[PDB]
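Each remark here refers to the structure printed beneath this line.
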Amino acid sequence: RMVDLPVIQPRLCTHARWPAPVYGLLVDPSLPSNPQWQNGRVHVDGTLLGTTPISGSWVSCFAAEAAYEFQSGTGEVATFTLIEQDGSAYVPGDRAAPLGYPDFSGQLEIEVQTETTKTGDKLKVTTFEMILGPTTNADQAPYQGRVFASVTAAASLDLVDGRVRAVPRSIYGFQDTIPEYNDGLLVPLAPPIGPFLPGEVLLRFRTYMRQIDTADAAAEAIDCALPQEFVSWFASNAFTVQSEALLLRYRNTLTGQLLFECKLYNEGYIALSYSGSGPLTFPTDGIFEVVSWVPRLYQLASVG
Amino acid sequence: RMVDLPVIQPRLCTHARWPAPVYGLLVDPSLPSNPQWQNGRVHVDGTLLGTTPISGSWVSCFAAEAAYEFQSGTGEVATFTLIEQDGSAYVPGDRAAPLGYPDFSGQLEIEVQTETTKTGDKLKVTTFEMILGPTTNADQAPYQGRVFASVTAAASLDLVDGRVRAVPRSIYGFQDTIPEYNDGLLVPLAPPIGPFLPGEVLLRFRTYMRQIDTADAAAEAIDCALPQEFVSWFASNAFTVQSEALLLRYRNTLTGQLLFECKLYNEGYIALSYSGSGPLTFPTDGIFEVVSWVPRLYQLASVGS
Amino acid sequence: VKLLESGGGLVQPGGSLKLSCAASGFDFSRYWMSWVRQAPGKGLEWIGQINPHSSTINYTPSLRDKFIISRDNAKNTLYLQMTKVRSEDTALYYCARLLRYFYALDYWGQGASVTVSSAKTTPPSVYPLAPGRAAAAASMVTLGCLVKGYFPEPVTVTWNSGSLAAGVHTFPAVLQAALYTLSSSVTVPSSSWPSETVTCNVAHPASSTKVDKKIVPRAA
Amino acid sequence: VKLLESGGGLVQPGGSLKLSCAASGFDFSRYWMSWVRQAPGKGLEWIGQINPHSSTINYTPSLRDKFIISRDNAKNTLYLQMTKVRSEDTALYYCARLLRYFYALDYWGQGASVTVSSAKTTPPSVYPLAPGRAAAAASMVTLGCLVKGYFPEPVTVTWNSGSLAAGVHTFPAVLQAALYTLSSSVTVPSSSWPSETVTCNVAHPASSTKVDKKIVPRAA
Amino acid sequence: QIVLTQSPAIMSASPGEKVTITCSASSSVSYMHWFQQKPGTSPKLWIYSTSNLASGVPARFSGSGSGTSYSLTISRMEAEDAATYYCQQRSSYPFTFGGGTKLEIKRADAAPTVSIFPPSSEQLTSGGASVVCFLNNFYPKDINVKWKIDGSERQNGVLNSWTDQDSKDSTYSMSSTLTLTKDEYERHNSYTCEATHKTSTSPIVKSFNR
Amino acid sequence: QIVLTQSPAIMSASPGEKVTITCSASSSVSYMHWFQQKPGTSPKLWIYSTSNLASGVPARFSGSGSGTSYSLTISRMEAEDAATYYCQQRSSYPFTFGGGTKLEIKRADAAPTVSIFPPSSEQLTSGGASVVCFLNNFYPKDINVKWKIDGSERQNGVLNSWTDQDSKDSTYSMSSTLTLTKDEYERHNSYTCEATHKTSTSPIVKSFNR
């Protein structure tokens with residue numbers, strides 16, 4: 001009935017906004033301090049803010065229906081009509097997208113195949129390319145359920161059609177900022193990550209995408225707020241909070257030393273305190289430990 | 001302190017032997033009923049048999065180190081060297097593989113890229129193709145930490161080397177039967193799935209792979225014993241059992257009706273009773289519910305055709 | 001969205017030729033392409049198709065070993081290559097901008113005329129059409145210009161250099177194993193001839209023979 | 001793991017030729033391939049490389065527009081195509097079985113000899129080497145066979161049809177704008193000549209002129 | 001390797017009428033396309049997937065059919081619907097085009113205006129009998145012209161060249177000549193070119209005996 | 001576009017010695033390869049990645065170097081280590097081979113055995129002065145042969161053809177002739193071919209005046 005956290009080394013957890021495991025762990029007083037993410041968000045109560053899915057596989061994947069036309073004009077493009085990945089149709093609501101939809105400005109490179117239904121079917125694959133950023137060349141608007149994915153300099157004259165399933169594989173010109181969810185209008189989003197006491201730095205679990213460029217590759221690092229195990233643990237247990245905060249302790253397990261004192265707040269993040277300038281990492285073999293609720297304004301312990 | 005299950009519709013879960021969510025749910029007496037699976041296994045006590053990893057993304061994905069040589073083959077076959085996905089090295093032991101390693105014969109088709117450590121790095125990707133079934137002259141041996149993967153007739157001339165990562169993408173000539181873990185010798189494995197009572201047919205969550213063939217694709221059905229959320233749940237909670245069974249009721253969500261009664265045994269599976277002839281599927285929107293403990297032989301409320 | 005061709009001309013049996021279909025006005029490095037041919041008379045005929053990467057290339061089963069299709073993304077052009085050309089393979093050659101889902105060859109070029117030949121070009125032996133009329137009641141007169149014995153196509157025949165359309169007829173050519181022939185007709189009232197005479201303009205581009213026939217009614 | 005070539009011969013300036021490098025003994029549809037050339041004398045030179053799918057093909061910057069590399073997996077062969085060949089582009093042509101990670105052109109064929117030419121082949125005007133020795137003390141005699149005025153390479157010269165190696169020397173040919181020349185030498189003791197005479201065997205394959213010189217000491 | 005057949009080969013009608021064109025199949029197919037080639041012009045895409053309209057076509061046309069027999073029909077014809085129509089199938093094999101059919105205007109008939117031109121001084125010194133025989137503006141295509149060589153039929157050295165239906169008057173034309181040396185030009189002094197048409201049993205003639 | 005330089009172009013040694021061969025670079029590279037072409041034979045891979053041995057080489061050889069200067073060295077030479085050696089770089093650009101150097105046996109010198117052959121009856125009726133001048137089995141390569149045309153140097157119509165170092169005796173040879181018609185063959189009756197070599201200041205001669 002008291003809260004508990006999974007005894008799992010953070011180096012052994014899936015990620016939230018991109019399906020690949022965790023590598024680093026670091027605080028940062030330089031980067032934008034007020035992110036407004038919409039994946040990997042959860043109340044320690046056990047509800048799901050934003051568009052957070054439940055599985056891991058459901059991340060940055062959308063199902064849809066595929067249909068073409070040739071008037072544009074911008075190349076041989078396709079028009080998808082979003083539906084929820086389980087199979088049930090999609091009817092607009094409060095969340096600004098179906099479950100599990102990418103939320104970072106850039107230009108993906110998806111891989112799309114035929115939604116399987118039973119053994120012995122026939123499958124076909126392609127490789128589209130979809131823009132998400134603040135570029136209103138095409139009317140990009142998932143809220144209504146309409147996206148415009150192009151076709152790459154592909155092969156296979158016979159394209160795909162019907163019920164499909166898209167899974168991301170790349171990035172290009174990445175930029176950590178929300179896409180245009182509606183065509184310029186507003187949508188009910190998750191609020192920012194605030195507020196913070198003086199001398200406050202979030203804690204960020206960091207992963208590594210693969211950022212394509214001209215005939216080469218390069219890794220680029222995208223963060224989140226919590227690994228996916230916390231999401232799929234809270235969202236199931238549904239504890240009952242007591243006040244406002246919850247103090248933790250990053251505790252190595254080889255010896256039993258201490259590494260910092262981080263406050264698991266109530267709206268789904270793990271604040272710290274750190275007064276330096278550059279970015280500083282930690283090891284990734286620790287194990288968290290719940291200690292005790294406290295008030296919000298509880299003074300911190302300056303790490304260095 | 002009382003045991004419990006996640007309140008999650010099975011259609012909203014990951015899988016155990018291939019990273020793609022669950023689609024069907026069906027019982028079957030016809031297919032082999034004595035599978036010796038390795039991935040996706042767990043004691044409701046809380047340990048982890050077989051090679052079952054922890055996350056979802058650690059399914060059938062091995063890290064390694066690459067290095068080549070040109071003497072035979074030929075192929076221009078590479079030569080990996082298994083290490084555990086976290087990064088720490090790997091010494092043989094009780095389990096018959098590193099964490100998260102495929103357990104089904106056939107001919108995989110991996111996709112390998114350069115292990116990342118920090119921003120601004122340089123990456124290289126490729127597409128190998130290995131064999132896991134009982135095939136000679138290319139003696140495969142994960143137990144020692146040594147695999148032999150060919151190269152495909154495709155993009156080339158700057159291969160990969162160093163620290164790699166091998167996510168799977170396809171299959172060919174699938175054949176659900178354990179590979180040759182050691183070169184033919186024995187390895188400490190997980191026991192069969194059993195035993196079973198007259199009137200017992202295991203319950204199988206079923207997802208669909210992609211089976212390459214001669215210039216066409218075709219889905220293929222593969223099973224497991226439990227979705228991956230169950231593993232992540234048990235392995236983190238560490239409950240304490242009483243005898244061997246734990247009778248459940250697969251309850252629908254809107255009406256409240258019933259669809260079967262399933263003896264979730266202690267050794268990690270969900271048996272059932274069904275005395276039909278063909279297969280039989282069930283809806284996939286319900287919810288599981290703990291009800292009681294019992295002994296092994298608690299007679300079944302057979303839900304047949 | 002405009003194409004063009006080059007390389008049309010004359011070749012001898014067993015020879016070889018390189019047709020160059022150029023394009024402009026779109027991303028030529030993204031669309032498939034194809035070639036189709038039309039023999040004078042008979043219906044259309046498919047040659048094959050080539051994707052952008054040159055990865056796969058589909059030919060018709062027959063006559064594969066005589067055609068080599070390729071392209072160049074840099075110079076933004078397309079090449080067709082004929083080897084050991086025979087006599088039966090003269091036609092028009094078109095390069096279409098095939099489409100992705102519905103195959104639908106949509107945008108076609110202009111036309112490449114390819115003709116096998118043995119003899120070299122010769123100028124026409126132009127002649128006038130002497131009106132051999134007599135005690136008849138033909139008020140008007142429909143007469144013109146005979147242009148026989150030339151090679152090869154085409155010719156531009158007109159009157160007063162493209163400034164007269166008062167019932168002019170130009171009858172397409174035809175060969176019998178030697179050379180080309182064509183006639184000319186035009187209507188004229190008796191009040192306009194031989195008062196204001198009319199000029200047969202004949203134009204042979206290849207040999208660049210650019211001559212006129214200023215006709216007069218014969219006296220025999 | 002054995003290769004071969006064909007198409008080596010004679011071409012005229014501006015011409016075109018199709019070298020065919022065939023392979024045997026391995027999965028020819030899996031390995032890259034390349035071509036390199038060696039002019040008589042000077043060191044090696046890279047032409048380019050072609051992958052199996054024909055997807056990408058890398059040429060040296062210069063002389064790209066004169067070479068067309070391609071292959072065929074079905075018939076299991078490789079084709080090189082020369083167009084508008086000039087005079088400077090005569091050499092040996094080799095087809096290597098390049099390797100994947102370390103590039104390492106490992107297995108080479110046999111050799112394709114390509115030579116531009118104007119005049120057609122002519123047989124040699126063979127002559128004997130008349131020993132013009134005199135009041136000297138040469139116990140032994142080193143003499144032979146002069147083979148001048150032929151075209152093109154190669155020739156097989158020997159003595160008693162490949163059954164005598166008692167100090168025989170064959171000096172490689174050389175041209176001066178007209179044709180080929182070569183000499184012959186062999187050591188023989190005074191006890192073995194003119195007692196047991198020796199035969200100059202000359203063999204011109206292309207013209208298929210297969211003649212002998214049975215020499216005798218002149219009297220002047 | 002599918003072969004197609006278009007039927008009928010050539011057929012005409014008059015504005016306001018509805019016409020149909022069938023392109024049959026030698027084997028099961030699943031789609032067809034239609035192209036329109038006006039003379040002296042590269043073809044153009046008209047109807048794809050058997051039922052849809054291209055970019056820039058009037059909505060008169062109509063595509064239908066299924067299985068192994070498809071057909072194209074207009075509601076009301078016009079003067080801008082005269083050109084050869086080709087059917088192509090993108091089904092399974094090396095693609096194939098149909099034989100192609102024609103569709104042209106129907107106009108009430110007319111009568112030829114026969115002309116004659118005996119060899120001119122240029123043609124006389126040329127060295128042969130370069131005689132011709134014109135016609136003009138008649139209807140329909142079916143017509144014969146016979147050179148009545150003092151009442152005989154010479155089927156040798158006959159070089160004919162029709163035209164196509166005009167747009168201002170939508171009626172045909174014709175022409176011909178005779179390749180022949182003076183070997184018979186000296187024999188006689190009279191020739192003819194007898195024009196016979198459906199117009200009547202009376203052939204219109206212009207016989208010159210100069 | 002990298003160009004390489006091999007140095008020295010030609011160099012020899014005697015068995016039991018250690019030799020080195022340098023192949024420099026015009027720009028930063030990262031690897032080199034070495035090939036071995038015995039005369040009349042397709043080349044063969046010898047040393048790849050600057051440090052490894054091919055399939056079927058004796059372990060005498062040695063590859064090293066780094067940066068922008070690599071070199072190949074033997075421990076002890078032999079009679080089966082005489083052939084041209086090429087360096088190739090698979091670094092970044094259109095690949096390039098080096099100029100290539102040679103490496104042959106060193107043997108104590110010897111002296112030529114000059115021969116002469118005045119035109120034979122066949123060569124007399126041929127119509128020109130087909131005179132030759134042989135040598136044999138000497139050392140080393142550096143040598144001149146001058147036709148002393150009654151004591152003059154004729155540098156016209158001189159066609160020379162050396163050989164390569166044998167394997168049984170590892171010493172060279174030579175040959176030559178003269179393209180010339182009888183225009184001077186009638187003028188005189190004496191010729192020469194003066195062989196001059198490092199052996200001494202005394203040139204060995206065979207002067208014929210027949």
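Lettering and numbering for the structure tokens are positional, with chains as A, B, ... in the shown order, residues counted from 1 in each chain, and ligands counted from 1 in the shown order.
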Distance cut-off 7 Å, counting only C-alpha atoms - which residues of chain F neighbour chain D? Return them as a compact mmCIF listing (two decimals) with N, CA and C atoms, in the first residue's frame.
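out.txt, freshly written:
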# COMPACT_ATOMS: atom_id res chain seq x y z
N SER F 42 49.81 -13.66 -64.16
CA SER F 42 48.91 -12.74 -63.50
C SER F 42 49.40 -12.45 -62.09
N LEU F 45 48.10 -11.69 -54.76
CA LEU F 45 48.05 -10.94 -53.51
C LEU F 45 49.15 -11.43 -52.58
N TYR F 48 48.36 -7.73 -47.24
CA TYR F 48 47.23 -6.83 -47.11
C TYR F 48 47.20 -6.20 -45.72
N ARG F 90 43.78 1.11 -50.68
CA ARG F 90 42.32 1.10 -50.66
C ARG F 90 41.78 2.12 -49.67
N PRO F 94 39.15 6.81 -55.92
CA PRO F 94 39.53 5.88 -56.99
C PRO F 94 40.89 5.28 -56.69
N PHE F 95 40.94 3.97 -56.53
CA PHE F 95 42.16 3.31 -56.07
C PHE F 95 43.32 3.61 -57.00
N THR F 96 44.52 3.39 -56.50
CA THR F 96 45.71 3.71 -57.27
C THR F 96 46.79 2.70 -56.96
N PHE F 97 47.51 2.29 -57.99
CA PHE F 97 48.68 1.45 -57.81
C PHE F 97 49.94 2.30 -57.89
N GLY F 99 54.09 2.95 -58.82
CA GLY F 99 54.87 2.77 -60.03
C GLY F 99 55.42 1.36 -60.16
N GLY F 100 55.71 0.71 -59.04
CA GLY F 100 56.23 -0.64 -59.07
C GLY F 100 57.73 -0.69 -59.17
N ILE F 116 78.23 -12.61 -84.90
CA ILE F 116 77.92 -11.81 -86.08
C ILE F 116 77.23 -12.73 -87.07
N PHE F 117 76.29 -12.15 -87.85
CA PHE F 117 75.67 -12.87 -88.94
C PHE F 117 75.41 -11.90 -90.10
N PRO F 118 76.28 -11.89 -91.10
CA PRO F 118 76.02 -11.08 -92.30
C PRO F 118 74.81 -11.62 -93.04
N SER F 120 72.25 -13.49 -95.24
CA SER F 120 72.29 -14.76 -95.94
C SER F 120 71.67 -14.61 -97.33
N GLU F 122 68.99 -15.81 -98.53
CA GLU F 122 67.62 -15.37 -98.29
C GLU F 122 67.58 -13.87 -98.01
N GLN F 123 68.44 -13.43 -97.10
CA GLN F 123 68.49 -12.01 -96.74
C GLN F 123 69.12 -11.17 -97.84
N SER F 161 66.98 -5.65 -78.28
CA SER F 161 66.02 -6.47 -77.54
C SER F 161 66.78 -7.25 -76.47
N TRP F 162 66.72 -6.77 -75.23
CA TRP F 162 67.37 -7.45 -74.12
C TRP F 162 66.60 -8.71 -73.75
N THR F 163 67.02 -9.36 -72.67
CA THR F 163 66.23 -10.42 -72.07
C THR F 163 66.11 -10.19 -70.58
From the DSSP assignment of the backbone, select every residue of stretch 93-170 of chain E that is helix (DSSP H, G or I), and format the answer as a list in words.
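Helix (DSSP H, G or I) assignments inside stretch 93-170 of chain E correspond to residues 121, 122, 123, 124, 125 and 126 of chain E.
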Mind writing the picked residues with N, CA, C and O atoms as a PDB file, in the first residue's frame?
ATOM      1  N   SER E 121       6.186  19.342-119.413  1.00  0.00           N
ATOM      2  CA  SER E 121       7.473  19.396-120.103  1.00  0.00           C
ATOM      3  C   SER E 121       8.592  18.859-119.225  1.00  0.00           C
ATOM      4  O   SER E 121       9.444  18.091-119.682  1.00  0.00           O
ATOM      5  N   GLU E 122       8.603  19.268-117.954  1.00  0.00           N
ATOM      6  CA  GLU E 122       9.515  18.690-116.973  1.00  0.00           C
ATOM      7  C   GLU E 122       9.350  17.178-116.920  1.00  0.00           C
ATOM      8  O   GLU E 122      10.323  16.422-117.007  1.00  0.00           O
ATOM      9  N   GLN E 123       8.103  16.726-116.809  1.00  0.00           N
ATOM     10  CA  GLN E 123       7.824  15.297-116.744  1.00  0.00           C
ATOM     11  C   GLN E 123       8.020  14.617-118.094  1.00  0.00           C
ATOM     12  O   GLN E 123       8.322  13.419-118.142  1.00  0.00           O
ATOM     13  N   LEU E 124       7.844  15.349-119.197  1.00  0.00           N
ATOM     14  CA  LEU E 124       8.102  14.768-120.511  1.00  0.00           C
ATOM     15  C   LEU E 124       9.587  14.496-120.712  1.00  0.00           C
ATOM     16  O   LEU E 124       9.977  13.393-121.110  1.00  0.00           O
ATOM     17  N   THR E 125      10.436  15.490-120.441  1.00  0.00           N
ATOM     18  CA  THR E 125      11.876  15.281-120.523  1.00  0.00           C
ATOM     19  C   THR E 125      12.399  14.397-119.401  1.00  0.00           C
ATOM     20  O   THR E 125      13.540  13.934-119.488  1.00  0.00           O
ATOM     21  N   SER E 126      11.606  14.171-118.348  1.00  0.00           N
ATOM     22  CA  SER E 126      12.015  13.232-117.309  1.00  0.00           C
ATOM     23  C   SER E 126      12.280  11.853-117.894  1.00  0.00           C
ATOM     24  O   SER E 126      13.271  11.201-117.546  1.00  0.00           O
TER      25      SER E 126
END
Spatial neighbours of stretch 204-217 of chain B, max dist 6 Å, only C-alpha atoms, sep filter under 4 positions, as a PyMOL selection string:
(chain A and resi 122-123) or (chain B and resi 22-26+170-172+221-224)
Residues of chain C were defined as contacting chain A if any atom lay at most 10 Å from it, counting only C-alpha atoms; please report them as an MDAnalysis selection string.
chainID C and resid 26:27 29:32 51:56 98:103
What does the distance from atom CA of residue B:69 to atom CA of residue F:98 come to in Å, to one decimal?
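Those two atoms sit 26.0 Å apart.
Non-sequential neighbours of residue B:226 (distance at most 8 Å, separation of 5 or more positions within a chain, only C-alpha atoms) are residues 15, 16, 40, 41, 204, 205, 231, 268 and 269 of chain B.
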Got time to write the residues from that selection, N, CA and C atoms, as a compact mmCIF listing (two decimals), in the first residue's frame?
# COMPACT_ATOMS: atom_id res chain seq x y z
N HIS B 15 5.37 -9.17 -26.45
CA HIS B 15 5.46 -10.61 -26.56
C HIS B 15 6.79 -11.10 -25.99
N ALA B 16 7.09 -12.38 -26.18
CA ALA B 16 8.19 -13.01 -25.48
C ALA B 16 9.30 -13.51 -26.38
N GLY B 40 10.99 -16.03 -22.57
CA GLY B 40 9.71 -15.84 -21.93
C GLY B 40 9.37 -16.96 -20.98
N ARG B 41 10.13 -17.09 -19.90
CA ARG B 41 9.86 -18.07 -18.87
C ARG B 41 10.12 -17.44 -17.52
N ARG B 204 -1.98 -20.54 -25.34
CA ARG B 204 -0.91 -20.00 -26.17
C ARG B 204 -1.28 -18.62 -26.68
N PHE B 205 -0.57 -17.60 -26.22
CA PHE B 205 -0.65 -16.29 -26.85
C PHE B 205 0.13 -16.33 -28.15
N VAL B 231 6.24 -11.18 -17.11
CA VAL B 231 7.60 -11.38 -16.64
C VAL B 231 8.08 -10.15 -15.88
N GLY B 268 4.78 -21.48 -14.13
CA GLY B 268 4.76 -20.49 -15.19
C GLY B 268 4.06 -20.88 -16.47
N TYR B 269 2.79 -21.25 -16.39
CA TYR B 269 1.96 -21.31 -17.58
C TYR B 269 0.51 -21.36 -17.16
Find the residues around residue F:107 up to 10 Å (only C-alpha atoms counted), leave out those fewer than 6 positions away in its own chain, and share them as a CSV table (one decimal) with C-alpha atoms, in the first residue's frame.
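Once everything was written out, this is selection-v8.csv:
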chain,number,residue,atom,x,y,z
F,12,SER,CA,69.2,-6.0,-56.6
F,13,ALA,CA,70.9,-8.0,-53.8
F,14,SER,CA,72.4,-11.4,-53.0
F,15,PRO,CA,70.9,-14.2,-51.0
F,138,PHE,CA,77.0,-11.3,-69.0
F,139,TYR,CA,76.4,-9.0,-66.0
F,140,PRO,CA,75.1,-6.5,-65.2
F,169,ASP,CA,72.6,-18.9,-64.3
F,170,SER,CA,71.0,-15.6,-63.3
F,171,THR,CA,72.8,-13.6,-66.0
Straight-line distance linking atom CA of residue F:131 with atom CA of residue D:179, stated in Å to one decimal:
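Straight-line distance from atom CA of residue F:131 to atom CA of residue D:179 works out to 17.8 Å.
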I want to know what sits within 12 Å of residue C:192, based on only C-alpha atoms, with residues of the same chain fewer than 3 positions away left out; could you give that as a count of residues only?
12
Tell me which protein, DNA and RNA residues are within 7 Å of residue C:124, counting only C-alpha atoms, leaving out same-chain ones fewer than 5 positions away, and put them as a PyMOL selection string.
chain C and resi 147-150
Please write the residues from the selection above to a file, keeping N, CA, C and O atoms, as a compact mmCIF listing (two decimals), in the first residue's frame.
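part.txt was written with the following content:
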# COMPACT_ATOMS: atom_id res chain seq x y z
N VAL C 147 5.79 15.95 -106.12
CA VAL C 147 7.12 15.90 -105.53
C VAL C 147 7.48 14.42 -105.43
O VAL C 147 7.05 13.74 -104.49
N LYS C 148 8.27 13.93 -106.38
CA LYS C 148 8.59 12.51 -106.46
C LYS C 148 10.09 12.31 -106.39
O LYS C 148 10.87 13.21 -106.72
N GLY C 149 10.49 11.11 -105.96
CA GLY C 149 11.89 10.74 -105.96
C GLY C 149 12.73 11.50 -104.96
O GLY C 149 13.63 12.25 -105.34
N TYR C 150 12.46 11.30 -103.67
CA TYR C 150 13.28 11.87 -102.62
C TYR C 150 13.45 10.85 -101.51
O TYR C 150 12.79 9.81 -101.48
Distance filter 12 Å, only C-alpha atoms, chain B against chain F, as a PyMOL selection string
chain B and resi 69-72+157-158
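Reported to one decimal place, the separation of atom CA of residue D:63 from atom CA of residue D:154 is 28.4 Å.
Each of F:29, F:101, F:66, F:137 was checked against residue F:168 using only C-alpha atoms; the smallest atom-to-atom distance is that of F:137.
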List every residue of stretch 59-99 of chain A that DSSP, applied to the backbone of this structure, assigns to strand (DSSP E or B), and report them as a list in words.
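Put together, the selection reads residues 62, 63, 64, 65, 66, 67, 78, 79, 80 and 83 of chain A.
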Hey, list the chain A side of the contact with chain B: 10 Å cut-off, only C-alpha atoms, answer as a PyMOL selection string.
chain A and resi 1+4-8+11-15+19-24+53-58+85-87+113-125+207-212+216-221+228-229+232-233+235-237+284
Write out, as a short mmCIF file (atom, residue, chain, number, x, y, z; two decimals), in the first residue's frame, the residues just selected, with C-alpha atoms.
data_model
loop_
_atom_site.label_atom_id
_atom_site.label_comp_id
_atom_site.auth_asym_id
_atom_site.auth_seq_id
_atom_site.Cartn_x
_atom_site.Cartn_y
_atom_site.Cartn_z
CA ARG A 1 0.00 0.00 0.00
CA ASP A 4 7.70 0.81 -4.26
CA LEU A 5 9.98 0.94 -7.26
CA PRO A 6 11.16 -1.91 -9.50
CA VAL A 7 14.44 -3.41 -8.41
CA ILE A 8 16.01 -3.23 -11.88
CA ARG A 11 20.88 -0.08 -17.56
CA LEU A 12 18.32 -2.89 -17.98
CA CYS A 13 15.20 -0.98 -18.99
CA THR A 14 13.43 -0.08 -22.21
CA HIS A 15 12.99 3.56 -23.12
CA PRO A 19 12.33 1.76 -28.79
CA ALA A 20 15.93 1.15 -27.76
CA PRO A 21 17.45 0.49 -24.35
CA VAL A 22 18.99 3.04 -22.00
CA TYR A 23 22.69 3.88 -22.10
CA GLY A 24 23.40 7.07 -20.16
CA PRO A 53 0.94 3.90 -24.37
CA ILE A 54 1.16 0.81 -22.17
CA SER A 55 3.47 -1.57 -24.03
CA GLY A 56 6.96 -0.82 -25.19
CA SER A 57 6.40 -1.92 -28.75
CA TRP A 58 3.58 0.60 -29.15
CA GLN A 85 -3.12 -0.03 -33.07
CA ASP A 86 -5.26 -2.61 -31.27
CA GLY A 87 -7.81 -2.66 -34.09
CA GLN A 113 3.88 -3.50 -43.91
CA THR A 114 0.53 -5.24 -44.13
CA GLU A 115 -1.41 -5.69 -40.91
CA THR A 116 -1.41 -9.44 -40.35
CA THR A 117 -4.64 -11.21 -39.50
CA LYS A 118 -4.07 -14.94 -39.86
CA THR A 119 -1.57 -17.54 -40.99
CA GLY A 120 -0.78 -17.93 -44.67
CA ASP A 121 -1.55 -14.33 -45.60
CA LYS A 122 0.51 -12.30 -48.06
CA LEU A 123 2.59 -9.39 -46.82
CA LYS A 124 4.20 -6.44 -48.59
CA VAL A 125 6.63 -3.84 -47.28
CA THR A 207 19.24 7.13 -25.38
CA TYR A 208 20.77 7.19 -28.85
CA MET A 209 18.89 7.41 -32.14
CA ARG A 210 20.64 7.23 -35.51
CA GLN A 211 20.68 10.53 -37.38
CA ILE A 212 21.06 10.05 -41.13
CA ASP A 216 26.93 8.58 -43.52
CA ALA A 217 25.44 8.24 -40.06
CA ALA A 218 25.75 9.82 -36.63
CA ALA A 219 24.12 9.29 -33.26
CA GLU A 220 22.02 11.97 -31.60
CA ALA A 221 20.75 11.82 -28.04
CA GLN A 228 9.05 2.40 -19.64
CA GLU A 229 9.12 0.00 -16.70
CA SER A 232 3.97 -0.05 -16.99
CA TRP A 233 4.42 -0.52 -13.24
CA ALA A 235 -0.18 2.33 -14.51
CA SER A 236 -0.92 -1.15 -13.17
CA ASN A 237 -0.46 -0.87 -9.40
CA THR A 284 24.24 2.90 -14.53
#
